[PDB]
């Protein structure tokens, strides 16, 4: 309907904060803004947008937009140079597809190691020392590590550490034929993960909820998560620290860097109102603060505000891990990649398959 903006953003982000920015927008223009956080919104958007339905604005990490752009579901955005200059060129490149800007960049995200300082005055610098650390903590009724094992996003950093990668980036272009989830590096990483579970250091059923509850309750000494999680830890009054992910085989864990982006529905009858909202309301120091105060965005795309927050050691750790990882590709095949890697990790973790077998199939399924 014309005269109102409907926004879709993931449930782990600051949707209440975004609703604040929308409430302001409404007062100033009289246009009602509604924020929703449906589940699997990134799978639903392509389905409902393709039929003239769906939100006016969709929020998600940049990796999903190439797919949307290719299916002509996104309205091309065209900020004038004055606005483009307000944001970092790295974030704009993330939302550029086929040489066309397809969404607005918001913030840069990367996973970090989060630890309980009272339980671990000194967190491990390597993955290898985690088993011994766990045996010690189990002796006290605690566990060393717990993080979401259901989403490949979280395990990928370890898998990429010694060699894994999605698509070979050959001089400005990705080769959808050269996939690196099958190489020896990736196998080492995943094997190390499987063994942790085999040796009872971790449980294959652990999801985002299980892990977040255990950490925030001081049951486990460490977790792995993004900026959005800091907010709940703060309320839990757990004395935590945010730092570099532990190495593996003397090499840095390589998390996939994501840029939270906002795309405008091509079928939206409010493209102008949407751009007005994103450019002059959300991507301002006041807009981002509203959202950030709810759930941290990480390293925002707006130069002015990222500078105001750059001193936060948690952001520093975020950018440090981000600098060590790779920015996710945004091409259509990424979905296939993620789906493929998800199955591989879940199968190897539960034993349904062997590391080799699992990665062998993901390798095939990715480039499929």
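Residue numbers count along the first chain shown, from 1.
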property	result
Between 337-345 and 22-30 (mean CA B-factor, as deposited), the higher	22-30
Per the entry, higher mean C-alpha B factor between 102-110 and 132-140	132-140
From 61, 310, 317, 58, residue of greatest CA B-factor	310
C-alpha B-factor winner, where the candidates are 289, 212, 76, 151	76
Ranked against its chain, the third holding the CA B-factor of residue 164	highest
Relative C-alpha B-factor of residue 35, binned into the chain's lowest, middle or highest third	lowest
Residue 189 CA temperature factor, ranked by third within the chain	middle
Residue 322 CA temperature factor, ranked by third within the chain	lowest
Among modelled residues of the same chain, the CA temperature factor third for residue 97	highest
